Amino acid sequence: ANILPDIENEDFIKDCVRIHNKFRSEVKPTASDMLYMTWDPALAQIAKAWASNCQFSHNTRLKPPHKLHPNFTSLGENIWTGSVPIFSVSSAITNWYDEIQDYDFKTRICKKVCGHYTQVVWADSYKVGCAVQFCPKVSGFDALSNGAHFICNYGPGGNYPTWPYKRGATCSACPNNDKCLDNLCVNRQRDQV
């Protein structure tokens, strides 16, 4: 019934990009510097290779002295793991974003887990690529069986110890001369796939 898409499936790519941007467009407080996010198939291959390990833990080669993508020094990563029937790109990314309920923007205090949310709305991250793997078992879950294991990687990586974006009037601190589209800074060069 539920299809787990491959990393080149055009609808899968559209869903990942559109749904990330919708959350980035709609943040509160408004963001002055939120970059428009596009797909990167090299990031999706990286996510594919790591998701294939079926581990609920970060790719060990996201930071120096590794360099998996030739254009980013450090990569970010969000992981979602759950049942095949419940999986969709929309449900997984929304589950990441909804950690906002536990994040206090003013103080950066997180009541539980907030680093999926912060990476979704990380202003400086502008490339994403994702993959979902079918996993008979996922390490780090004992009960789960025959699950969907969905990984997105982000370039450049976010989740530095600072606010995920610069709060301010939308698009008021875009790079260089960038124009604004739905509250996002766009740039023909960055945005090409």
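Quick note: we count residues from 1 along the sequence shown, nothing fancier.
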item	value
Greater mean Cα temperature factor according to the PDB record, 139-147 or 120-128	139-147
Mean C-alpha B-factor comparison - 184-192 and 4-12, higher one	184-192
Identity of residue with top Cα B-factor, from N78, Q101, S83, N95	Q101
Largest Cα B-factor, entry values, listed residues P70, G157, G168, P164	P70
CA B-factor ranking of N153, expressed as a third of its chain	lowest
Modelled-residue ranking by C-alpha temperature factor, third containing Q133	lowest
CA B-factor ranking of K179, expressed as a third of its chain	highest
Chain-wide C-alpha B factor ranking for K28, given as lowest, middle or highest third	highest
Chain third (lowest, middle, highest) by recorded CA B-factor, residue given as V113	middle
